[PDB]
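S.K.: Below: the sequence, then the experimentally determined structure.
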Amino acid sequence: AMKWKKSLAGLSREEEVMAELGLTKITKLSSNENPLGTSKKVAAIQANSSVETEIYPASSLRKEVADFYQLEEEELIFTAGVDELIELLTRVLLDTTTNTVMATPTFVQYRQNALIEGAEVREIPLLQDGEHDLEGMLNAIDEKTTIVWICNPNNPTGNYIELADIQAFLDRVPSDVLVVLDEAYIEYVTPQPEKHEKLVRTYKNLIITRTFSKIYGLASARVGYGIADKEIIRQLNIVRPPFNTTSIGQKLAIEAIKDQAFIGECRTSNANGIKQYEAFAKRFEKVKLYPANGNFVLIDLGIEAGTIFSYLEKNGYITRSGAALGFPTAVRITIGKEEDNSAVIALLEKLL
Amino acid sequence: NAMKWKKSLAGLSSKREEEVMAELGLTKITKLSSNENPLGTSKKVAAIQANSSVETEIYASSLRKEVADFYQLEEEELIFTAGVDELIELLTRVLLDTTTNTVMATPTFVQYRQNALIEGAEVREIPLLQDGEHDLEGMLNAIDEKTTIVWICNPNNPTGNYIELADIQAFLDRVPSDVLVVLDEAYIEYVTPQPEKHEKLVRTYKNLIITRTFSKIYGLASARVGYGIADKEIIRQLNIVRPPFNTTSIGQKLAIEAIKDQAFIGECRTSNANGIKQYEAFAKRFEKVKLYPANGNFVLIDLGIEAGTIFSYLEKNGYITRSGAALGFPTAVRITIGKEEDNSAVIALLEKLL
């Protein structure tokens, strides 16, 4: 009987399944947390801390991160995961009288938060190869458009848009429209893009979002951050919640950005995992492998997503079903260690 | 040229231990500003923490069973949230926008108003009574066809006033069954005499959600865990909109244990009640002082001196408090009830200003 927003209609455990199947080792490959874990140096901090001194308070982390990207601390905002930043963005800019532009299928959290704020969502279907249709998205932009979202690399497809095409897009976008460049996966791209944190100085309507929850392997403690010019950061500050991270989460992230050697080796093992899946798609014509540039692959088998999900799961691999992702006959599989990529590929092959 | 920020943001406003204590040079400092249990956590909760490394997963079955059982509720009448603050934000996001209004007392917990403004709602803020009580009647008068939420903080932050259950009910009887009433009971475990159980009122008043936390009496500082109690319809709806982030594996473990440990709750409640008695002995001696009827674990003391001065005076003498300037009382401090000797030290300092 309550008077809930009408825009609301439009949105609508590991040990569990394992004891239900009589399986020993079950391998989880459904979330894109780094399967290799963290640095040894970051691991030593975790093992060194008791959740008995833990609290929600950092100059340390602001400074460390600003020094890493050669930026001003004034250009950073920290948040308890990038999901939280997405929430904040929508609360400050979206409403009944506004619209927002994004791709489908992309990360569900944009449309979810946009719909909760009562915004009109204009969703531009990917190109057939899985790319953002940057052209259609520019055409959708309006005087009522307040936010354009670019997921780069894309989740769930993996596609990556080169900087030159990001810059071309930003030139044409009106300067009073915020463009959120979601770079949750950027550390996985090979070869690595050139430094473009500074882009935010050129385009005063740009925010880049990044997280410690993927490659850094700290989805545990939840640290995400936004890079944007001062004016944007200051506005975002006014509206953040009473607490974010624990002082330990912050301690862990300081060490994470320092251990680039771990990120190097991860970036390379991941690219090898991806090569594994490519050999597989090249063997089987009827399979559709989207272009992978993060730490997951999206594979359309022409088999119902739920069936693929159960089959892999009943053989001891949890993956992310495509029916949740906008792909009724695909699954998204996180790239893990080589010996696990191999076993999933062997299982898929029997289907084909 | 700026981004197209919503206009409702204009009317929005805007760690201590180690930095402040060195940025002064005191031996130690005592924090009596945040209302988290200064006596800490139960010893069993403690033992779990001390035997648990910082390795921790995000994502509630054992917890909702354990809490549903402790209150004799159905599990589907509960929603769990990363602190009561998230629930407050959740509520405002499902029910408030530019075309709505919400009613609340003033001064009350600042987050009700904050989140209302962001969502763009009109906030009809009803002044507290002289005694610090909610002007319940004034709040009935302020309800409209466009009102979607009424907020009731009980016991109130920052005044401490408690509204008796039979009064709650008499108000809820008048409220349109169309308007969500949020009864914020973050401090309810400090009230003596302890109130009748009233969790099951949500079965009578289908427009009622009650909100509680593990952040005050339960002392959970590691974990941030809040929950609401409402009828299944309200929960079902709130479930749709909840963030993917919720709370740690260990946070949930810790709360399962915290709620089973009711001996600690009993000792704290009586120890807290003794602390309040001390402040009452103090107000009785000084007719100049205005002490509010405290039923949570803090006192609001109006000394007729600027909030900022009281705050400095206490801080520089080892005691961090909450300035009434942040809380709507330019001439008070809100002081958390701690150990007996800490309460004594604070009363003695205040007396020298008097």
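M.R.: Happy to help now that I have it. Residues are numbered from 1 along each chain as shown, chains lettered A, B, ... in the order given.

S.K.: Tell me if I'm right that residue A:109 and residue A:83 touch.
M.R.: Yes: at 5.7 Å, residue A:109 counts as touching residue A:83 under the criterion of Cβ atoms under 8 Å. No exception for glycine: its C-beta is placed from N, CA and C like everyone else's.

S.K.: Show me whatever sits in contact with both of those two.
M.R.: residue B:244 (Cβ atoms under 8 Å, 6 or more residues apart in numbering or on different chains).

S.K.: Domain-wise, how is chain A divided?
M.R.: A:13-48+A:259-352, A:49-258 (curated CATH domains).

S.K.: So what's the gap between the first one and the chain middle?
M.R.: Its chain's average C-alpha position is 15 Å from that of domain A:13-48+A:259-352, according to Cα atoms, centre = their mean, to the nearest Å.

S.K.: That domain and chain B, are they touching?
M.R.: Yes: Domain A:13-48+A:259-352 is in contact with chain B by Cβ under 8 Å from any Cβ of the partner chain, via A:13, A:45, A:46, A:47, A:48.

S.K.: Span of that domain from start to end?
M.R.: End-to-end distance for domain A:13-48+A:259-352, by Cα to Cα, to the nearest Å: 30 Å.

S.K.: before we move on, back to that, which among the domains of chain A is found nearest to residue A:2?
M.R.: domain A:49-258 (15.3 Å; Cβ to Cβ).

S.K.: what angle sits between the helix or strand where residue A:111 lies and helix B:84-95?
M.R.: Secondary structure assignment for residue A:111, by DSSP states H and E: helix A:109-116. Here helix A:109-116 runs at an angle of 60 degrees relative to helix B:84-95 (axes from the mean of the first three to the mean of the last three Cα atoms, to 10 degrees).

S.K.: Distance from helix A:109-116 to the middle of the chain?
M.R.: How far helix A:109-116 lies from its chain's middle: 15 Å, per Cα atoms, centre = their mean.

S.K.: other SSEs contacting that helix?
M.R.: helix A:82-93, strand A:99-104, strand A:120-125, strand A:145-151 (3 or more Cβ pairs under 8 Å, 6 or more residues apart in numbering or on different chains; DSSP states H and E).

S.K.: Please render the ones you listed as JSON lines that adds mean neighbour count and distance to residue A:210 to the earlier fields.
M.R.: Below are those laid out as JSON lines (neighbours: other Cβ atoms under 10 Å in any protein chain shown; distance: least, Cβ to Cβ, whole Å):
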{"stretch": "helix A:82-93", "mean neighbour count": "24", "distance to residue A:210": "7"}
{"stretch": "strand A:99-104", "mean neighbour count": "23", "distance to residue A:210": "19"}
{"stretch": "strand A:120-125", "mean neighbour count": "17", "distance to residue A:210": "24"}
{"stretch": "strand A:145-151", "mean neighbour count": "25", "distance to residue A:210": "12"}
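
S.K.: could I get these as JSON lines with distance to chain B?
M.R.: Below are the helices and strands packed on helix A:109-116 laid out as JSON lines (distance: least, Cβ to the nearest Cβ, whole Å):
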{"stretch": "helix A:82-93", "distance to chain B": "5"}
{"stretch": "strand A:99-104", "distance to chain B": "11"}
{"stretch": "strand A:120-125", "distance to chain B": "14"}
{"stretch": "strand A:145-151", "distance to chain B": "5"}
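
S.K.: For residue A:293, find the nearest of those.
M.R.: Per Cβ to Cβ, nearest to residue A:293 of those: strand A:145-151, 11.3 Å.

S.K.: Tell me the secondary structure of residue A:23, please.
M.R.: coil (DSSP: H, G, I helix; E, B strand; the rest coil).

S.K.: residue contacts, it?
M.R.: Applying Cβ under 8 Å, 6+ apart to residue A:23 gives the contacts residue A:316.

S.K.: Give me the phi and psi for residue A:298.
M.R.: Torsion angles at residue A:298 (phi, psi; degrees, to the nearest 10) stand at phi -110, psi 120.

S.K.: What parts of the stretch 51-200 of chain A come near chain B?
M.R.: A:51-52, A:54-57, A:80-81, A:83-84, A:87, A:91-93, A:95-98, A:109, A:116-118, A:146, A:175-178.

S.K.: which residue packs closest to the closest residue to chain B within the stretch 51-200 of chain A, ignoring adjacent ones?
M.R.: Nearest residue of the stretch 51-200 of chain A to chain B (Cβ to the nearest Cβ) works out as residue A:52 at 3.7 Å. Closest residue to residue A:52 apart from its sequence neighbours, by Cβ to Cβ, 6 or more residues apart in numbering or on different chains: residue B:49 at 3.7 Å.

S.K.: now the strands for chain A?
M.R.: Secondary structure of chain A (DSSP state E): strands located at A:27-28, A:76-79, A:99-104, A:120-125, A:145-151, A:178-182, A:206-211, A:224-228, A:288-289, A:296-300, A:317-318, A:320-321, A:330-334.

S.K.: give me phi/psi at the most centrally placed residue in chain A?
M.R.: Per Cα atoms, centre = their mean, the C-alpha nearest to the average position across chain A is that of residue A:184, at 3.9 Å. Backbone dihedrals for residue A:184, given as degrees, to the nearest 10, come out at phi -50, psi -30.

S.K.: could you list every residue that touches it?
M.R.: Contacts here follow Cβ under 8 Å, 6+ apart; on that basis residue A:184 touches A:32, A:82, A:107, A:151, A:155, A:209, A:210, A:211, A:213, A:214, A:294.

S.K.: top of those residues by neighbour count?
M.R.: Of all the contacts of residue A:184, the highest neighbour tally under other Cβ atoms under 10 Å in any protein chain shown goes to residue A:294, namely 30 neighbours.
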